[PDB]
Amino acid sequence: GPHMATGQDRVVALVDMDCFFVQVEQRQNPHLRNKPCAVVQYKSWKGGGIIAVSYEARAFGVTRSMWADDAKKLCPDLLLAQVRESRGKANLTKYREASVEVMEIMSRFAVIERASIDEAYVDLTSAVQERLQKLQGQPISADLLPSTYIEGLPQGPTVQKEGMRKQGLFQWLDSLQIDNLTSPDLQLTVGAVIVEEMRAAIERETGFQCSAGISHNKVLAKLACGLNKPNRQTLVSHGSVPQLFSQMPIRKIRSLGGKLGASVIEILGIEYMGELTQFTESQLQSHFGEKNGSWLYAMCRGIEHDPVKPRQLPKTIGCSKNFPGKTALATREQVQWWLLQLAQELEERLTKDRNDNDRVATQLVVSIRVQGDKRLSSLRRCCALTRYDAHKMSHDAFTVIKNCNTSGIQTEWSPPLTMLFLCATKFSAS
DNA sequence: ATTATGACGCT
DNA sequence: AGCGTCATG
Ligand SMILES: [Mg+2]
Ligand SMILES: [Mg+2]
Ligand SMILES: [Mg+2]
């Protein structure tokens, strides 16, 4: 009753750039704008692998993981932009630099946690407090929320998309208790006002459109963000959770899309997130461990405590390349040449990172995959990273992996390597 | 023959 | 430390 916490203490948003690599290419090349298009890596094998798809192309069934030659069968007019190649491998610098552009704008409004190259969480609790003091009990006009959806509304006693959106927003704003500075629904609404402003600033200063979710925690914010894409934002209130979760497949919740979510479904004999409420916390802990069990018990009630970490920069800087099928590396010269290519890209990125961000990596991690192993990584070994020098890094990586060579011959490498990966980690201020 | 990443948990 | 899992531009 009066002591049951409801997880309404924070306002958290998740901002995700719409089809991000596609938008970067469309900004650069206006001929791609408002077209079915996709971004591909490489070209020789089946036209290259698609990694990002504009919403126009998605309407034809084009998806990530498609080969471009297959996507062209669904969408013959599909336009393609290729990722840059440097030192024989894909180079994603253009997109990393664009991400920094966006993250720096977001950081003007609040502390952010970089979750990926194109998404960031925002803790808006204090900004909402501020804006509420400024508003002086003034109601919130729908004009301040021109792209906001209220999940679960309209409900109760027009046939266009935007008309629906506005009816739901009107129902929400009519029920609002604006004289209560501690109303969670009011704080979420002010949070959405701020996120509209943030999204306006991103689009004005970069050209890029994004979607966003606003709720009381990171999991609900991420889920909300996905509800209305693209170029829209969604508010998921605590009250909306029972109906939302009542038909929500467990796999749609971040961290439950893989084996653990499959075991929740199998062991408990349920399908939807809301069904989890019928188990005790001890029951869930017994099946899924203390940590997961407690997390599931709270999360199916809309409650989650994971903080927005103040981290705008990646924790690791890595370079990797697959060598599939026939291209697997089978000679020592081959392995050394590619280790050097990877190390040269890594040195370039590390030197720029040291200049930009006043930090130095201290550990080099070397990972390989060998032909036939089903695991993505077959071997992972770390060594000291003492100098940003590509020849030294590649020699060290070769030293830490050299005893993987089964070959009785010094020159041959067996069994051949299908993946090389170098990662710089454990940064210290400098 | 997706591929190139990146974060975090377990032991 | 090294491995697994999860995410997916
Ligand atoms: Mg995105
Ligand atoms: Mg994203
Ligand atoms: Mg995606």
# chains A, B, ... in the order shown; residues from 1 in each chain; ligands from 1
call {"tool": "interface_residues", "arguments": {"of": "chain B", "to": "chain A", "cutoff": "10 Å", "atoms": "only C-alpha atoms (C1' of nucleotides)", "output": "list in words"}}
result
residues 1, 2, 3, 4, 5, 6 and 7 of chain B
call {"tool": "select_by_dssp", "arguments": {"residues": "stretch 157-339 of chain A", "states": "alpha helix (DSSP H)", "output": "VMD selection string"}}
result
chain A and resid 161 to 174 184 to 206 218 to 225 241 to 246 259 to 268 281 to 288 290 to 299 332 to 339
call {"tool": "write_last_selection", "arguments": {"atoms": "C-alpha atoms", "output": "compact mmCIF listing (two decimals), in the first residue's frame"}}
result
# COMPACT_ATOMS: atom_id res chain seq x y z
CA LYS A 161 -2.57 9.04 -37.85
CA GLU A 162 -2.00 12.61 -36.69
CA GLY A 163 -5.61 12.93 -35.55
CA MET A 164 -5.19 9.85 -33.36
CA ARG A 165 -1.96 11.27 -31.92
CA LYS A 166 -3.64 14.56 -31.03
CA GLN A 167 -6.71 12.91 -29.50
CA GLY A 168 -4.48 10.91 -27.19
CA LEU A 169 -2.41 13.95 -26.29
CA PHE A 170 -5.56 15.96 -25.55
CA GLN A 171 -6.91 13.23 -23.24
CA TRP A 172 -3.58 13.16 -21.41
CA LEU A 173 -3.26 16.92 -20.99
CA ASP A 174 -6.88 17.23 -19.84
CA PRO A 184 5.04 11.74 -11.76
CA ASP A 185 2.73 12.12 -14.77
CA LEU A 186 3.41 15.88 -14.77
CA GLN A 187 7.16 15.33 -14.52
CA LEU A 188 7.08 12.90 -17.46
CA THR A 189 5.15 15.49 -19.50
CA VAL A 190 7.68 18.23 -18.77
CA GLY A 191 10.38 15.69 -19.61
CA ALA A 192 8.72 15.22 -23.00
CA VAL A 193 8.68 19.01 -23.51
CA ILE A 194 12.43 19.08 -22.91
CA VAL A 195 13.00 16.10 -25.25
CA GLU A 196 11.05 17.87 -28.01
CA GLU A 197 13.46 20.79 -27.60
CA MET A 198 16.49 18.47 -27.63
CA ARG A 199 15.28 16.75 -30.79
CA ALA A 200 14.65 20.14 -32.40
CA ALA A 201 18.21 21.20 -31.55
CA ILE A 202 19.70 18.00 -32.96
CA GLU A 203 17.80 18.42 -36.22
CA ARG A 204 18.56 22.14 -36.53
CA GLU A 205 22.28 21.78 -35.87
CA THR A 206 22.99 18.46 -37.64
CA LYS A 218 15.94 3.08 -19.01
CA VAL A 219 14.09 -0.12 -20.03
CA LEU A 220 10.73 1.62 -20.39
CA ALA A 221 12.33 4.57 -22.18
CA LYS A 222 13.96 2.24 -24.74
CA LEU A 223 10.72 0.33 -25.26
CA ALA A 224 8.78 3.61 -25.61
CA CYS A 225 11.25 4.92 -28.16
CA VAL A 241 2.39 -0.43 -17.98
CA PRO A 242 -0.28 -3.07 -17.13
CA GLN A 243 -2.04 -2.81 -20.48
CA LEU A 244 1.18 -2.34 -22.44
CA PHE A 245 2.77 -5.40 -20.89
CA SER A 246 -0.37 -7.53 -21.10
CA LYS A 259 18.64 -17.29 -24.30
CA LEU A 260 17.45 -15.93 -20.92
CA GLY A 261 14.16 -14.69 -22.35
CA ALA A 262 13.71 -18.03 -24.10
CA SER A 263 14.19 -19.79 -20.76
CA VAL A 264 11.68 -17.48 -19.04
CA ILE A 265 9.16 -18.47 -21.71
CA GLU A 266 10.01 -22.18 -21.55
CA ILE A 267 10.33 -22.64 -17.79
CA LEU A 268 7.35 -20.55 -16.78
CA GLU A 281 10.28 -12.78 -6.22
CA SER A 282 11.71 -15.97 -4.66
CA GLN A 283 10.19 -18.09 -7.45
CA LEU A 284 11.84 -15.94 -10.10
CA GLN A 285 15.17 -15.92 -8.25
CA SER A 286 15.01 -19.71 -8.00
CA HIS A 287 14.68 -20.07 -11.75
CA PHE A 288 16.88 -17.22 -13.02
CA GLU A 290 19.06 -13.71 -7.46
CA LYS A 291 19.97 -10.76 -9.71
CA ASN A 292 17.83 -11.63 -12.74
CA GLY A 293 14.98 -12.78 -10.50
CA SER A 294 14.81 -9.51 -8.56
CA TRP A 295 15.16 -7.54 -11.80
CA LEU A 296 12.30 -9.49 -13.45
CA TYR A 297 10.07 -9.15 -10.39
CA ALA A 298 10.41 -5.36 -10.45
CA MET A 299 10.50 -4.94 -14.23
CA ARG A 332 52.21 -16.31 -41.35
CA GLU A 333 52.86 -13.42 -43.74
CA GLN A 334 49.10 -13.07 -44.18
CA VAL A 335 48.39 -12.99 -40.44
CA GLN A 336 51.14 -10.42 -39.88
CA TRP A 337 50.04 -8.19 -42.76
CA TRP A 338 46.47 -8.02 -41.50
CA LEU A 339 47.51 -7.57 -37.86
call {"tool": "residues_near_ligand", "arguments": {"ligand": "ligand 2", "cutoff": "9 Å", "atoms": "only C-alpha atoms (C1' of nucleotides) and all ligand atoms", "output": "NGL selection string"}}
result
(:A and (15-20 or 115-120)) or (:C and (8-9))
call {"tool": "select_by_dssp", "arguments": {"residues": "stretch 96-338 of chain A", "states": "strand (DSSP E or B)", "output": "CSV table (one decimal) with C-alpha atoms, in the first residue's frame"}}
result
chain,number,residue,atom,x,y,z
A,112,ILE,CA,24.0,11.4,-21.0
A,113,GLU,CA,25.0,7.8,-21.2
A,114,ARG,CA,26.2,6.7,-24.6
A,115,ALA,CA,24.5,3.4,-25.2
A,116,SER,CA,25.6,2.9,-28.8
A,119,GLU,CA,21.6,6.2,-29.0
A,120,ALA,CA,21.9,7.9,-25.6
A,121,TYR,CA,20.1,7.8,-22.3
A,122,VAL,CA,19.3,11.1,-20.6
A,123,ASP,CA,18.6,11.6,-16.9
A,148,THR,CA,4.7,13.3,-28.9
A,149,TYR,CA,2.5,10.1,-28.6
A,150,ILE,CA,1.0,9.1,-25.2
A,210,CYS,CA,15.6,10.9,-34.2
A,211,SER,CA,13.0,9.2,-32.2
A,212,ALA,CA,12.8,9.2,-28.4
A,213,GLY,CA,11.1,7.5,-25.4
A,214,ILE,CA,10.3,9.2,-22.1
A,215,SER,CA,9.5,7.2,-19.0
A,233,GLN,CA,8.6,10.5,-29.4
A,234,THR,CA,6.5,8.4,-27.0
A,235,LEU,CA,5.7,8.9,-23.3
A,249,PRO,CA,6.2,-10.5,-25.9
A,272,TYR,CA,3.9,-11.9,-22.3
A,311,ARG,CA,29.6,8.4,-19.8
A,317,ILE,CA,38.4,1.4,-29.1
A,318,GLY,CA,38.5,-1.7,-31.3
A,319,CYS,CA,39.1,-2.9,-34.9
A,320,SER,CA,38.0,-6.3,-36.3
A,321,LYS,CA,37.8,-8.1,-39.6
A,322,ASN,CA,36.3,-11.4,-40.6
A,329,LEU,CA,44.4,-16.5,-43.4
A,330,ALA,CA,46.6,-19.5,-43.9
A,331,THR,CA,50.2,-18.1,-44.0
call {"tool": "closest_atom_pairs", "arguments": {"of": "chain A", "to": "chain C", "cutoff": "7 Å", "atoms": "only C-alpha atoms (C1' of nucleotides)", "output": "Markdown table"}}
result
| residue | atom | partner | partner_atom | distance |
| --- | --- | --- | --- | --- |
| A:20 | CA | C:9 | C1' | 6.9 |
| A:21 | CA | C:9 | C1' | 6.3 |
| A:51 | CA | C:9 | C1' | 5.9 |
| A:52 | CA | C:9 | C1' | 6.2 |
| A:255 | CA | C:6 | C1' | 6.5 |
| A:258 | CA | C:6 | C1' | 6.9 |
| A:380 | CA | C:2 | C1' | 6.5 |
call {"tool": "residues_around", "arguments": {"residues": "stretch 367-373 of chain A", "least_positions_apart": "5", "cutoff": "6 Å", "atoms": "only C-alpha atoms (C1' of nucleotides)", "output": "ChimeraX atom specification"}}
result
/A:378-380,416-421
call {"tool": "write_last_selection", "arguments": {"atoms": "N, CA and C atoms", "output": "CSV table (one decimal), in the first residue's frame"}}
result
chain,number,residue,atom,x,y,z
A,378,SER,N,37.3,-17.4,-30.6
A,378,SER,CA,38.0,-18.6,-30.3
A,378,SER,C,39.0,-18.4,-29.2
A,379,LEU,N,39.8,-17.3,-29.3
A,379,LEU,CA,40.8,-17.1,-28.3
A,379,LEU,C,40.9,-15.6,-28.0
A,380,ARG,N,41.0,-15.2,-26.7
A,380,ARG,CA,41.2,-13.8,-26.3
A,380,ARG,C,42.3,-13.7,-25.3
A,416,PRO,N,43.3,-22.3,-40.4
A,416,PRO,CA,43.3,-20.9,-40.8
A,416,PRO,C,42.4,-20.0,-39.9
A,417,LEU,N,42.8,-18.7,-39.9
A,417,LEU,CA,42.1,-17.7,-39.1
A,417,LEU,C,41.0,-17.1,-39.8
A,418,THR,N,39.8,-17.1,-39.3
A,418,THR,CA,38.6,-16.4,-39.9
A,418,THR,C,38.2,-15.1,-39.3
A,419,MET,N,39.0,-14.6,-38.3
A,419,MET,CA,38.7,-13.4,-37.6
A,419,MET,C,39.9,-12.9,-36.8
A,420,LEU,N,40.1,-11.6,-37.0
A,420,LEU,CA,41.2,-10.9,-36.2
A,420,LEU,C,40.5,-9.7,-35.5
A,421,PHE,N,40.9,-9.4,-34.3
A,421,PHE,CA,40.3,-8.3,-33.6
A,421,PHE,C,41.4,-7.8,-32.6
call {"tool": "closest_residue", "arguments": {"among": "A:236, A:24, A:376, A:127", "to": "ligand 1", "atoms": "only C-alpha atoms and all ligand atoms"}}
result
A:24
call {"tool": "atom_distance", "arguments": {"atom1": "atom CA of residue A:131", "atom2": "atom CA of residue A:103"}}
result
21.9 Å
call {"tool": "decode", "arguments": {"residues": "chain C", "atoms": "C-alpha atoms (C1' of nucleotides)", "output": "PDB file, in the first residue's frame"}}
result
ATOM      1  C1'  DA C   1      42.043 -12.846 -16.560  1.00  0.00           C
ATOM      2  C1'  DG C   2      39.362 -15.238 -20.255  1.00  0.00           C
ATOM      3  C1'  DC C   3      34.850 -16.537 -21.668  1.00  0.00           C
ATOM      4  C1'  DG C   4      29.881 -15.886 -22.646  1.00  0.00           C
ATOM      5  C1'  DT C   5      25.923 -13.344 -23.696  1.00  0.00           C
ATOM      6  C1'  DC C   6      23.408  -9.628 -25.755  1.00  0.00           C
ATOM      7  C1'  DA C   7      22.850  -5.921 -28.916  1.00  0.00           C
ATOM      8  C1'  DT C   8      22.461  -4.456 -33.958  1.00  0.00           C
ATOM      9  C1'  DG C   9      24.861   0.550 -37.399  1.00  0.00           C
TER      10       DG C   9
END
